[PDB]
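Undergrad:
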Amino acid sequence: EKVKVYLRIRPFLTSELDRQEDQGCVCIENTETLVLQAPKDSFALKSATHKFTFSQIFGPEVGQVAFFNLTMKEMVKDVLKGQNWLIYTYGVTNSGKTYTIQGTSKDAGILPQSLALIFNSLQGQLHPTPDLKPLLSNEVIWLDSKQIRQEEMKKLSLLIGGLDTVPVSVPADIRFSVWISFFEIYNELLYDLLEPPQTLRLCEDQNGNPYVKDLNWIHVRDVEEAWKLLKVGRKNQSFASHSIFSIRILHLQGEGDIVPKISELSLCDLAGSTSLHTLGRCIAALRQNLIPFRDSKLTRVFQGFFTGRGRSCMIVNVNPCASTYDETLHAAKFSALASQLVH
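Here my numbering is used: the first residue of the sequence shown is 269, the next is one more, and so on.
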């Protein structure tokens with residue numbers, strides 16, 4: 269029950285349905301079992317049935333709002349209450365990964381819907397001044413006038429690109445500060461995406477916890493600012509991989525004498541096709557019970573989610589096509605809870 273795996277199967281295109289791509293390769297036996305079969309009429313010149321277990325399987329008919337409510341809504345609510353959530357996303361060729369993550373202007377993905385829910389819930393309870401920065405998952409730094417002015421300019425340079433969800437309940441006595449970071453892991457090297465268009469170093473805490481040194485945490489006042497930073501972040505990624513987008517909420521309880529608390533909602537966009545192999549070993553060891561999180565930079569970044577300082581889950585996007593069967597079988601073998609070979 270540790271790392272829940274959700275499978276989302278993309279609907280068939282009218283074009284792909286005509287190219288004989290529907291051969292019964294991807295089948296939902298039940299809400300937890302995916303049945304994979306080799307194509308009937310092979311696209312390659314030639315002449316296997318596999319069963320896979322997932323936490324829940326959401327078929328092609330499952331829309332954006334329904335998918336969000338059945339998976340993400342509870343996790344975003346958990347984060348608003350004080351817990352830490354990490355959502356891994358998987359997909360290689362035309363899987364529906366980006367439609368699930370960001371989506372269209374109307375059919376908004378899990379990331380815009382989460383940001384919308386956060387700001388709808390925290391509405392009228394936001395701490396105006398970006399006074400305290402959650403530089404660490406457990407620590408806050410105080411910013412002076414010079415530092416606030418400097419952080420505002422970096423934010424402004426990004427926003428100008430250089431040169432209805434029903435809310436969740438939150439206690440009335442708390443004030444909130446929302447901060448965002450966005451970085452990429454390209455060939456074991458870390459790159460900041462919230463930098464106006466150089467690598468980042470992974471350092472150990474004063475208590476032994478790793479963190480990304482000099483990574484930009486941008487204070488966000490509303491959903492429009494958060495959305496723009498994701499767009500600017502993806503534009504920088506497209507200018508130049510594992511895409512890590514983090515939302516950190518600073519909770520300020522009480523009047524006069526304040527008690528600060530930090531919660532986090534992180535989304536990891538895993539690259540298709542070694543770091544993936546270590547993550548598999550790390551998730552398996554986490555579900556089992558030491559975890560070999562140091563054997564990779566990706567698992568070192570998310571050390572907190574393997575040491576009990578947060579909860580993890582995975583969303584796997586699948587292409588139902590017969591030409592992508594071989595890619596679907598690797599994705600299933602990698603992400604599934606259990607795997608059976610039908611004899």
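Beta carbons are placed, not taken as given, at the ideal position from N, Cα and C, and that holds for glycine.
1) Check for me: the beta strand (DSSP E) holding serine 580 runs from which residue to which?
2) Beta carbon of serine 437: closer than 6 Å to some heavy atom of the ligand ZN?
3) Counting Cβ pairs, one atom from each stretch, are 3 or more of them under 8 Å apart for the stretch 512-521 and the stretch 445-453?
4) Using DSSP's beta-bridge definition, name the partner residues of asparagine 477.
5) Apart from the five residues just before and just after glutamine 393, which ones in its own chain have a Cβ nearer than 7 Å to its Cβ?
6) Using the Cβ count rule (16 or more neighbours within 10 Å means buried), how would you classify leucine 558?
7) Given a cut-off of 7 Å, decide if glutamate 595 and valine 360 are closer than it, judged by their beta-carbon atoms.
8) Distance check for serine 363 and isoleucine 551, CA to CA, integer angstroms please.
9) Measure the Cβ-Cβ separation of residue 212 and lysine 345 and say whether it is below 7 Å.
10) If you run the structure through DSSP and keep just helix, strand and coil, what is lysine 308?
11) What three-state label does DSSP hand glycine 371 in the structure shown?
12) Give the straight-line distance between the Cα atoms of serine 591 and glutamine 332, rounded to the nearest whole angstrom.
13) Specify the secondary structure class of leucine 379 as computed by DSSP and reduced to three states.
14) Who pairs with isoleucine 453 in a beta bridge, going by DSSP?
15) As a quick exercise: from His318, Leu302, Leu497, pick the residue whose alpha carbon is nearest that of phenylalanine 326.
16) Where does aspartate 537 fall in DSSP's three states?
17) Under the DSSP definition of a beta bridge, which residues are partnered with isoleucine 515?
18) In angstroms with no decimal places, state the Cα-to-Cα distance between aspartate 286 and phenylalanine 280.
19) Please name the residue, chosen from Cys471, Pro398, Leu498, that lies closest to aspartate 537 on a Cα-to-Cα basis.
20) In the DSSP assignment, what are the bridge partners of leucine 394?
21) Determine whether the beta carbon atoms of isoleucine 378 and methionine 343 lie at a separation below 7 Å.
22) For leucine 313, write down the residues that DSSP places opposite it in a beta bridge.
23) Check the C-beta distance from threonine 575 over to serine 564 and give it rounded, since I have them as a contact under 8 Å.
TA: Let me spell this out:
1) As a working note, residue 580 is residue 312 in the sequence shown. Looking at the DSSP string, the run of the beta strand (DSSP E) that includes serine 580 is 579-586.
2) Looking at this structure, you won't find the ligand ZN or any other ligand, since it has none at all.
3) yes
4) By 1-based counting over the sequence shown, the position of residue 477 is 209. Beta-bridge pairing links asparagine 477 to no other residue.
5) Walking along the sequence shown from the start, residue 393 turns up at place 125. Here the set comprises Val438, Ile442, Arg443, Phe444.
6) Sequence index remark: in the sequence shown, residue 558 carries index 290 (1-based). Exposed, because fewer than 16 other Cβ atoms sit within 10 Å of the Cβ of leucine 558.
7) Position 92 of the sequence shown, counted from the start, is the residue given in the question as residue 360. Position 327 of the sequence shown, counted from the start, is the residue given in the question as residue 595. It is a contact, given that the beta carbons lie within the stated cut-off.
8) Position 283 of the sequence shown, counted from the start, is the residue given in the question as residue 551. Position 95 of the sequence shown, counted from the start, is the residue given in the question as residue 363. If you take the alpha carbons of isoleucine 551 and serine 363, they lie about 22 Å apart.
9) Because residue 212 is not part of the residues shown, which for the chain are 269 to 611, the question remains open.
10) Reading the sequence shown from its first residue, position 40 is the one you call residue 308. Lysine 308: coil per DSSP, three-state reduction.
11) Along the sequence shown, one-based indexing puts residue 371 at 103. Of the three classes helix, strand and coil, the one that applies to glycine 371 here is strand, per DSSP.
12) Stepping through the sequence shown from its first residue, residue 591 is reached at position 323. Stepping through the sequence shown from its first residue, residue 332 is reached at position 64. Each residue's Cα considered, the two are about 26 Å apart.
13) For this step, residue 379 is matched to residue 111 along the sequence shown. Three-state result, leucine 379: helix.
14) If you number the sequence shown from 1, residue 453 lands on position 185. Beta-bridge pairing links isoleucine 453 to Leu458, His510.
15) The residue you call residue 326 lines up with position 58 of the sequence shown. Of the listed residues, the one whose Cα sits closest to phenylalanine 326 is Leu302.
16) For the purposes of this step, residue 537 is identified with residue 269 of the sequence shown, where counting begins at 1. Note: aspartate 537 maps to strand in three-state DSSP.
17) The residue you call residue 515 lines up with position 247 of the sequence shown. Per DSSP, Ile448, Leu533.
18) Here residue 286 corresponds to residue number 18 of the sequence shown, with the count starting at 1. Here residue 280 corresponds to residue number 12 of the sequence shown, with the count starting at 1. Looking at the two C-alpha atoms, the distance is approximately 10 Å.
19) Translated into positions along the sequence shown, residue 537 becomes position 269. Residue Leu498 is the option with its Cα nearest to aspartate 537.
20) Against the sequence shown, residue 394 aligns to sequence position 126. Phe444, per the DSSP bridge assignment.
21) Locating residue 378 in the sequence shown gives position 110, where the first residue counts as 1. Locating residue 343 in the sequence shown gives position 75, where the first residue counts as 1. Not in contact: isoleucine 378 and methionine 343 (Cβ atoms no closer than 7 Å).
22) For the purposes of this step, residue 313 is taken as the residue at position 45 of the sequence shown. Beta-bridge pairing links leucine 313 to no other residue.
23) Walking along the sequence shown from the start, residue 575 turns up at place 307. Walking along the sequence shown from the start, residue 564 turns up at place 296. Not confirmed; about 15 Å, so no contact.
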